[PDB]
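Residue numbers (PDB author numbering), protein chains in the order written: chain C, 387 to 435; chain A, 146 to 193.
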C-alpha cells in the first residue's frame, strides 16, 4: 500500500495506535476494511438472493 | 591484588567481569525488570 507505517518499540501500543491514526487517518481504515473481505461477502449473498 | 591486576590473567578478568557485572547490576537496579527486557528511549531515560 501507499502507506509507510512504522512501529516504534519504545512507545506503548496505545501511543502507536494514536500516533499511526493521527498520521494517516481514515484512509488506512478503509484499506483495512477492504482487506477484511466482509464487503465482498455481503455483496455476494445479496446478489445470490 | 593476588593476581596483580584485572587484565593480568583470564581468571582475573572473569573475576573482574563478575565484579563489574555485580557492580553494574547494583548501579542499574531500578531500570531492570524481572522478566521482560526493559525498553526505553533517549527521552524516557532523560538522555539528552
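C-beta: ideal position from N, C-alpha, C; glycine also.
Reduced DSSP secondary structure (H/G/I, E/B, other) of residue 159/A: What you label residue 159/A is simply residue 14 of the second chain in a count that begins at 1. Correct three-state label for residue 159/A: helix.
Proximity of residue 186/A and residue 434/C at Cβ, strictly below 8 Å: Locating residue 186/A in the second chain gives position 41, counting from the first residue. Locating residue 434/C in the first chain gives position 48, counting from the first residue. No. Outside cutoff.
Where residue 188/A sits in the DSSP three-state scheme: Counting from 1 along the second chain, the entry for residue 188/A is found at position 43. Coil at residue 188/A, not helix or strand.
Rounded C-alpha distance that separates residue 352/C from residue 189/A: No answer is possible for residue 352/C: it lies beyond the span of chain C, which begins at 387 and ends at 435.
Residues of the segment 173-190 of chain A with Cβ closer than 8 Å to any Cβ of chain C, in chain order: 184, 185, 186 and 189
Contact check, residue 393/C vs residue 402/C, beta carbons under 8 Å: Working through the first chain from its first residue, we reach residue 393/C at position 7. Working through the first chain from its first residue, we reach residue 402/C at position 16. Going by C-beta atoms, residue 393/C is nearer than 8 Å to residue 402/C.
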